[PDB]
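Everything below concerns the one structure shown next.
Methodologically, a virtual Cβ is constructed for each residue, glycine included, from the backbone with ideal geometry; neighbour enumeration extends over all protein chains shown. All of this is worked out from the model, or read from it or from the source named; these are not laboratory values.
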Amino acid sequence: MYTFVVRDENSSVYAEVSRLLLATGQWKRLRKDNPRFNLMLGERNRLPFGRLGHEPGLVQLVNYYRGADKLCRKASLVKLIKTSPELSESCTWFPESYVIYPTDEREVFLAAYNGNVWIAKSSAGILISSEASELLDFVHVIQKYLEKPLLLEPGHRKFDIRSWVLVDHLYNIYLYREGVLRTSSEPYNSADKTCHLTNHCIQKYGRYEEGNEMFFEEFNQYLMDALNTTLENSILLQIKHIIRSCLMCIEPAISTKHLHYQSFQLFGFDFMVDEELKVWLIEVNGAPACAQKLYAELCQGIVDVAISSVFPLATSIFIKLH
Amino acid sequence: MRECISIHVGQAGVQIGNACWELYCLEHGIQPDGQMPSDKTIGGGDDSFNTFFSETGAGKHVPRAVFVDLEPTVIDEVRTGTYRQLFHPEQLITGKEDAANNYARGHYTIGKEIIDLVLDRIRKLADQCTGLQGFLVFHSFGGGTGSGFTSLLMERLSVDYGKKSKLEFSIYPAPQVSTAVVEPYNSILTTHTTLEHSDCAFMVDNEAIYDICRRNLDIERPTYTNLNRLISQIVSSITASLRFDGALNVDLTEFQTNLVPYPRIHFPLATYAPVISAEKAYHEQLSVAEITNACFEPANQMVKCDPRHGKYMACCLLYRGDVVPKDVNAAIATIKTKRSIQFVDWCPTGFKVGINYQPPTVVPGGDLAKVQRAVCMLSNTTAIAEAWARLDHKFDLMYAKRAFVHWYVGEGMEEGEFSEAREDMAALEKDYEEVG
Amino acid sequence: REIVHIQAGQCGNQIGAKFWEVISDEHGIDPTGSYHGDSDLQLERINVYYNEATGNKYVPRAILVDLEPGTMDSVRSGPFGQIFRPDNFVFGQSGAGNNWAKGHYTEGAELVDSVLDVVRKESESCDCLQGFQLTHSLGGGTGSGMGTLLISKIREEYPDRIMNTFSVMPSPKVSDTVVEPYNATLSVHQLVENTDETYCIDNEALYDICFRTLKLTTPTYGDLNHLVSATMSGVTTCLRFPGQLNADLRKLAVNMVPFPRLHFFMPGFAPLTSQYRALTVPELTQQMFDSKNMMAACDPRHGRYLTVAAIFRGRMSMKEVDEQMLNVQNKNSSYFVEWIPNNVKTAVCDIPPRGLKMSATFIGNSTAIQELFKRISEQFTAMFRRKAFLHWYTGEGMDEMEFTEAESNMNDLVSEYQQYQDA
Amino acid sequence: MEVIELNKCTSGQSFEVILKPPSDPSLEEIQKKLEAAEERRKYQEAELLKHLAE
Ligand SMILES: Nc1nc2c(ncn2[C@@H]2O[C@H](COP(=O)(O)OP(=O)(O)OP(=O)(O)O)[C@@H](O)[C@H]2O)c(=O)[nH]1
Ligand SMILES: Nc1ncnc2c1ncn2[C@@H]1O[C@H](COP(=O)(O)OP(=O)(O)CP(=O)(O)O)[C@@H](O)[C@H]1O
Ligand SMILES: Nc1cc(C(F)(F)F)c(-c2cc(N3CCOCC3)nc(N3CCOCC3)n2)cn1
Ligand SMILES: Nc1nc2c(ncn2[C@@H]2O[C@H](COP(=O)(O)OP(=O)(O)O)[C@@H](O)[C@H]2O)c(=O)[nH]1
Ligand SMILES: [Ca+2]
Ligand SMILES: [Ca+2]
Ligand SMILES: [Mg+2]
Ligand SMILES: [Mg+2]
Ligand SMILES: [Mg+2]
C-alpha cells in the first residue's frame, strides 16, 4: 500500500487529509522520522527538502513547494513584485508598498509620501496612520492603505476575500470554487482597529452572518441586488488573473517537473475590493486554514487532485486556471 | 610542460582508473601496447599529453599512474586485462586482505603497514618529472580502503609534496549500487581527515550515474562497467585541459583559482550533456543551446541537488566538439533570462568557457553514442551541501545508538574521532549556509 | 582467502558431511575429488573451501572431530566420504555422554591438542586465511562442549581471525536427552563471547517445516539435515562464487553485527516445496520473509530487524527483485529499525542450486531471536531450581556456580535484545 | 555581456563572459597517531589473552 508521514501536528487541513487517507484503507501512517514514505505532510519551517527523493524505488511527494515562501512573506512579496518584469513596479493590482528595515526603501517611501494613509505591518504588529513619522517610529512593509473599500450593507462594513488555491505536481493551478468573505462587524470609520482589521480573531460580532463569514452564494446575490452585477464578472475575473500571474511568475524557480521528488501546495490568497469593484491583492498565505464548513470538501479535493493523481487508489470542486 | 600523477585507491578508484586510462589512450591514439604512431618524437618530448604519459626509448607511452588496493583481485584484472602492457609492475600495488568496509582498518591497521611502500612507488614516478604539478586521487567515500587509506595517503602527500596541488574524484555512496551499511561513517571520517589536504574535489553520486544509465542509456540494471564508462567521460572532460593545448585550466592550480574562492568549500558540482544511447536507432543531434540548457537540469548532474535554491560562486563551461564562442554566448543569453542563476554578491556573474574542437571519444562497443558536441559544466554552488546534509543525517541516526562503532574502536580508533569528524561536517554545513 | 571448516560431534559431522556434498556438487567436484564441471565460475573461488592436490584433485579444507568413532566411520563410508583428507579425521573412543562438561573439561580436553595440530597444519598452507566456520549442535556433549572449547583455543592462537558457527539449538520436540537445555545454556555463553556470527538453527523449526510444509509424516534427522545443508549452501554463496559483491567473512560480520554480542542470525530458505513448477520472483520474495520459511522458531513480527541479507540464486529479473523487496519492506515497515539506514541488502548469484532454477536465502539479525534464548532459559530453570540431573556435571568437576553464571549471562543477552527492540 | 581573455589555438579556444560584476600535521605527528592506535590494538589484544589465560 501507500505510506505517509505527518510532521505538522498543528495543521487543521492536513489532519483532515491524514484522516481521509487512513479511511481509504490503502494508506498507512508511519512514524515521523521514517524515511520510507511516499507522502510527506511536512513541517512549516526548515522542511528538509534536501533529503527527499533519494530512497531507491520510492516515489516521494511533499505538500510544500520549496521556494514558495517568496510569495508567502510580506517583504518577499513586495520585492518579488517590484523586481519581476512579468509583475512590474507598475503592477496595477498590488497596493504601493515599501520594504523598511528598523535593500532598504525608507527614502523612496518618504518621497512618494511627500489621501495619504498608510499601513505598516509584517509577517512576524499593525499600525494604520496618516503621518509618516509615526509609522517609522513604530523587517516591515509600509503599504498604501485602501482608503475607499467596498462596504457591505447594512452595516457600512469592510471585508476581505480568501481564495484557496491548490497547485499540484504538474503545476496545474486549481482555484477552489468556494471562497470566504471575512467581514468586520463594526461600521467603517475613516475619522480603533476593529472596523479596519477584518481578521477573525480581532472581530471575535456574528450579528449579520455567523462567525463574520459570508460565502459566495450570499455575496453574489448581494452584488446582484445592490449593484446589478455578479461575483464572477465584477471580482472573480480579477482574482483568477492575479492568482495566475503570481504563480506563473515563480514557476521556473519552484516547479518540480524533472525533479527527483514532487511537490504540491495549498495557498491562501487574500484580496481587498474597493468601491469601484477593483480587486487588490493583500497577501498570500503558505499554510492556510479553511472555513469550518468547507473543510470536508476542500480536503477531499486535495486527496483527489494532489495525492491520488500521483498514487492512484484501487463534478470538480476546482476551477483550473489556464 | 608539467607532469600530473594519478593515484587510484581501492576497488572504485582502480576500476574507474581503468576506464579513464582506456579512454585517454583512445583520445590520444595510444594503442594498448603503449605505442603511439602519431608521436614523432621517439623516447621523449614535452607535449601536452606528456603531462599524463611518460615515454620509454622503445616508444612506449606509460601512464603516470599508481594503482593501490589492500586485496589483489581488482588490480589482478588490470594485470591480466586489455591494457596490461601499459603499466609497469611497480605501478600496481596490492596487499593481502582488505579493510572490510572499515575506515579504521584502512587508515590505522593496514594503512600503517603499506603507506611507506606506496610513497616509495610514488616517489619513483615523481623522480621522472621535471616539474610535477601534483596529484589526481580517485577513490570511494564508502570503502574501507577508499576512505581510510586515502585519507592517510593525502596527509603524507601534504608532508612529502607540500607545494603540490591535490585534486580528488570521490564516489559518494548510494544504496542502489552495493553499499556497506557503514558507508556514512566512512564518508564523514574520510572527509574530515582529508578536508585540509585537498584543494578541489569532484564528488560523483553513484545514485545520479545509476539513474542516468537507466534513463538515458536505457540500461535496466547498470553494472560497474556501465557506470565507470560514463564517469570516465566526465573525468576526461574535466582533465582534457591538462592533456591538450588550451588556455583554460592548464594546470592543477587553475582549478582552485577558477572554482574555489573559499578553501573548505571546494566541492564543485559537475553536470554533463548529452548522454545518448548507442543502441538508439534514430537520434537527432543536439545544438549548443540545447546541451548548454541541459547543464541546468538536475537530471544531468553528478550529484542530485537543486541549484535554484543555492548560490553560485564560480562556473566553468567545458565544451568538446563543434562549438564556436558565438553560439555559447547566444545560448547563455537565452538561459539567463529563463533560469534561476543567482551568484553570491562578492563574485562576478560570469562563466569561464573552454572549447576543444575534438568531439568526445567513445569506447568501441560501449553504451554511449558518438555526438557532434558535448559539454561539462563545473559550478561551485552551495546546493551541493544537500549531499552533506543527507550523509550527516544517516551518520546521526546510527551514531546515536553507537551502532557498528565497536568495529572502529576495535582497530585502535578512538570514539572521539567520530564526534570530532561529525563536528567538522556540522561546521562545513554551516559554512555553506552562511555563503548561500 | 581460505576458510577452515571444522565439524564436531554427531550432529556437526552429519550436517557438515551433507554441506560438503552439496557444495562439491555445485563446484563440479565428484566423490573422488576430481573436477568435472562445465563453467569456469565453479573454479574461480574454489580455493576458499578446497585445497588443490596434484592430479587435479580438490580436498575440502575440513577437520572432522568427535569423541567416539561411529559417526565419522559413517562419514567415511558415506557418499563423498572419500573426498576428505584422511589425516583430518580426529577422534577419541570414550564418547562425551551428551555431557557438556565431558566435552569441555575432561574427555574433550584430552583430544583438543591433536585437533589444534590439524587446524595449524591447514592454516599454515593458507595464503591468507579469512577464518573458521564450525558446525555443531548445542544440546549434546562433543559438538557443544568440545566445540566451544575448540573455539576458545582457536581464538587464543588466532585472535585476529573471524569465527563463524552454524549452531543447532535443541528442542524438546526433537530431543535426545533431558539435559540439552543445560548443554545449550553453557554453550551459548561461549558463543556470545567467542564467535563473530552464529547461524541459529532450531530443530523445532526444522521439524515443523518438514511436517507442516514438506508434508513429511515422520521427519528423520536426514530430512532435517537436507534443509540445513541447503541453507548453508545459500549463506556461503557470496563467498564461493565470483559475485560482484567482493565479500569475505569480515565484511559480512561488519555489515551484519551492529553490537558485538548481538550476532545470532535467523536463517531462512525458499522454495520449500512438497516439483517442477516455476517459482516467480514475488513468490520467492514473499516466502523467504515468511516466518514459516525461517529456521529459528521465532516470529519476526515479535521483534525488529537490525540487519537483513537476502541472497537470490538463478536467472531472474533484477528489476522484479527490487520491486518485490521494496513491497515486502512496506508490508514489514514496523519491523525494521529506523536508526540503521538501508539495513536490508539484496545480493544475486547466477548459479542456481541443484534441482532448482531459482531460490533465495534469508539471513536476519532480528531482536525476535530473544524468544529462542527465552525458551532455553525456561527449560534450564525448570530443572536447575531443583538441581535435577546436575550430578552428571558435578561428577566431572563442575560447580553449581558455573551454572548460575551461564544462566545469568543468557538472561543478560535476552535483556540486550529487548533493549534494542524498543529503541 | 562582455567577452574577455579570448585565446585561440588549432585545438580550440577559451574565453570569459561576464554578465554582471560583483557588489598541517607533520610526519612525526602522523607517525605518533598511527602508533597510538597500534598500542590500543595491542592493549585490547593483551586483555583478551589475559581473559583466555584465566
Ligand atoms: N561508480 C563506481 N562505484 C564503485 C565501484 N566499486 C565500488 N564502488 C562503490 O564504492 C563503495 C565501496 O567501496 P570500495 O571502493 O569497493 O571499497 P574499497 O576501497 O576497495 O575498500 P575495502 O574493500 O573495504 O577494503 C560503494 O559505495 C560502491 O558502490 C566502481 O567500480 N564504480
Ligand atoms: N493596504 C491595505 N489596505 C486596506 N486594508 C488592509 C491593507 N493591508 C491590510 N489590511 C487589512 O488588515 C487585515 C489584516 O492584514 P494582514 O493581511 O497583513 O494580516 P494577515 O493577512 O497576516 C492574517 P491572515 O494570514 O489570516 O490574512 C486585512 O483583513 C485587511 O482588512
Ligand atoms: N551471508 C551474507 C551475505 C551477504 C551478502 F549480501 F553479501 F551476500 C551479506 C551482506 C549484508 C550486507 N548488509 C547487511 C544489511 O545492511 C546493509 C549491508 N552487506 C553486505 N555487503 C556490503 C558490502 O559489500 C560486501 C557485501 N553483505 C551478509 N551475509
Ligand atoms: N538437525 C540435526 N540435529 C541433530 C542431529 N543429530 C543430533 N542432533 C541434535 O543434536 C543434539 C544432540 O547432540 P549430538 O550432536 O548428537 O551430541 P554430540 O555428538 O555429543 O555432539 C540434540 O539436540 C539432537 O536433537 C542431526 O543429524 N541433525
Ligand atoms: Ca614524444
Ligand atoms: Ca582416557
Ligand atoms: Mg499572514
Ligand atoms: Mg575492496
Ligand atoms: Mg547423539
>> Cβ-Cβ under 8 Å, sequence separation 6+ or interchain: first residue in the stretch C:140-161 and more than 13 Å from residue C:98 (Cβ to Cβ) and assigned by CATH to the domain that holds residue C:120, partner polar (S, T, N, Q) and within 16 Å of ligand 9 (Cβ to nearest atom). Which pairs?
In response: C:147/C:187; C:148/C:187
>> If a residue must be over 15 Å from residue D:15 (Cα atoms) and surrounded by fewer than 19 Cβ atoms within 10 Å (Cβ to Cβ), how many such residues does the stretch B:313-343 contain?
In response: 10
>> Just to check your reading of the model, which residue among C:127, C:117 is away from ligand 2 (no atom under 16 Å from the Cβ) and part of a loop (DSSP other than H, G, I, E, B)?
In response: C:127
> Under the condition of being within 9 Å of ligand 1 (Cβ to nearest atom) and hydrophobic (A, V, I, L, M, F, W, C), which residue from the stretch B:127-181 is surrounded by the most Cβ atoms within 10 Å (Cβ to Cβ)?
Replying inline: B:149
> What helices (runs of 4 or more DSSP H) lie completely within the stretch A:60-115 and have 1 or more residues being under 24 Å from residue A:131 (Cα atoms)?
Replying inline: A:74-83, A:106-113
>> Quick check on the stretch A:244-251. Is at least one of its residues of a type in the set (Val, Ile, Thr) and under 30 Å from residue A:1 (Cα atoms)?
In response: no
> Within the stretch B:318-359, can you find the residues that are at the interface with chain D (Cβ under 7 Å from one of its Cβ atoms), within 13 Å of residue B:379 (Cβ to Cβ) and among the charged types (D, E, K, R)?
Replying inline: B:352
> Restricting the stretch C:329-343 to residues that are facing chain B (nearest Cβ under 9 Å) and of a type in the set (A, V, I, L, M, F, W, C), which is surrounded by the fewest Cβ atoms within 10 Å (Cβ to Cβ)?
Replying inline: C:339
> Residues of the stretch B:263-284 being of a type outside the set (A, V, I, L, M) and either surrounded by 15 or more Cβ atoms within 10 Å (Cβ to Cβ) or outside any loop (DSSP other than H, G, I, E, B) (or both), which ones?
Replying inline: B:266, B:267, B:268, B:271, B:272, B:274, B:277
> Among (1) at negative phi; (2) within 12 Å of chain D (Cβ to nearest Cβ); (3) buried (at least 22 other Cβ atoms within 10 Å of the Cβ), where does residue B:310 come up short?
Replying inline: (2)
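Each row is one residue, and each column tells you yes or no for (1) under 14 Å from residue B:5 (Cβ atoms); (2) hydrophobic (A, V, I, L, M, F, W, C).
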site	(1), (2)
B:62	yes, yes
B:70	no, yes
B:75	no, yes
B:78	no, yes
B:85	no, no
B:89	no, no
B:95	no, no
> If you take just the strands (runs of 3 or more DSSP E) that sit entirely in the stretch A:234-322, which of them hold at least 1 residues that are closer than 25 Å to residue A:124 by Cβ?
Replying inline: A:265-273, A:279-285
> Which one of these is crowded, with 20+ Cβ neighbours inside 10 Å and within 13 Å of chain C (Cβ to nearest Cβ): B:103, B:108?
Replying inline: B:103
> Are any residues in the stretch B:209-238 touching a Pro at 6+ places or on another chain (Cβ under 9 Å) and small (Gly, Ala, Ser), and if so, which ones?
Replying inline: B:236, B:237
> Tally time: how many residues in the stretch A:6-24 are under 22 Å from residue C:336 (Cα atoms) and more than 24 Å from the chain's Cα centre (by Cα)?
Replying inline: 1
> Which residues, taken from the stretch C:380-416, are touching a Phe, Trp or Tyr at 6+ places or on another chain (Cβ under 9 Å) and closer than 30 Å to residue C:231 by Cα?
Replying inline: C:380, C:406, C:407, C:410, C:411, C:413, C:414, C:416
>> Looking at A:255, A:245 in this structure, which one is closer than 20 Å to residue A:72 by Cβ and either within 14 Å of another protein chain (Cβ to nearest Cβ) or within 16 Å of ligand 4 (Cβ to nearest atom) (or both)?
In response: A:255
> Taking residue A:261, is it among the aromatic types (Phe, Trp, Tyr), within 14 Å of another protein chain (Cβ to nearest Cβ) and either in contact with an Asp or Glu (Cβ under 8 Å, 6 or more places away or on another chain) or buried (at least 21 other Cβ atoms within 10 Å of the Cβ) (or both)?
Replying inline: yes
>> Against the conditions (1) in a helix (DSSP H, G or I); (2) within 16 Å of ligand 4 (Cβ to nearest atom), where does residue C:167 fall short? Just the number, please.
In response: (1)
>> For the stretch B:351-402, give me each residue that is of a type in the set (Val, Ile, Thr) and not in a loop (DSSP other than H, G, I, E, B).
In response: B:353, B:355, B:375, B:381, B:382, B:384
> Is one or more of the residues making up the stretch C:267-277 assigned to a helix (DSSP H, G or I), away from ligand 9 (no atom under 16 Å from the Cβ) and either acidic (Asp, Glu) or surrounded by 24 or more Cβ atoms within 10 Å (Cβ to Cβ) (or both)?
Replying inline: no
> Restricting to the stretch D:11-43, what's the tally of residues that are within 7 Å of chain B (Cβ to nearest Cβ) and either more than 12 Å from residue B:325 (Cβ to Cβ) or charged (D, E, K, R) (or both)?
Replying inline: 18
> If you check residue B:250 against the conditions, is it surrounded by fewer than 22 Cβ atoms within 10 Å (Cβ to Cβ) and within 15 Å of residue B:304 (Cβ to Cβ)?
Replying inline: no
> If a residue has to be under 18 Å from residue A:199 (Cα atoms) and surrounded by 13 or more Cβ atoms within 10 Å (Cβ to Cβ) to count, how many in the stretch A:119-140 make the cut?
Replying inline: 8
> Hey, among the residues in the stretch A:22-68 that are within 14 Å of chain B (Cβ to nearest Cβ) and among the hydroxyl-bearing types (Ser, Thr, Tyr), which one's surrounded by the fewest Cβ atoms within 10 Å (Cβ to Cβ)?
Replying inline: A:64
> On the given criteria, is residue C:152 within 16 Å of ligand 9 (Cβ to nearest atom) and small (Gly, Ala, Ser)?
Replying inline: no
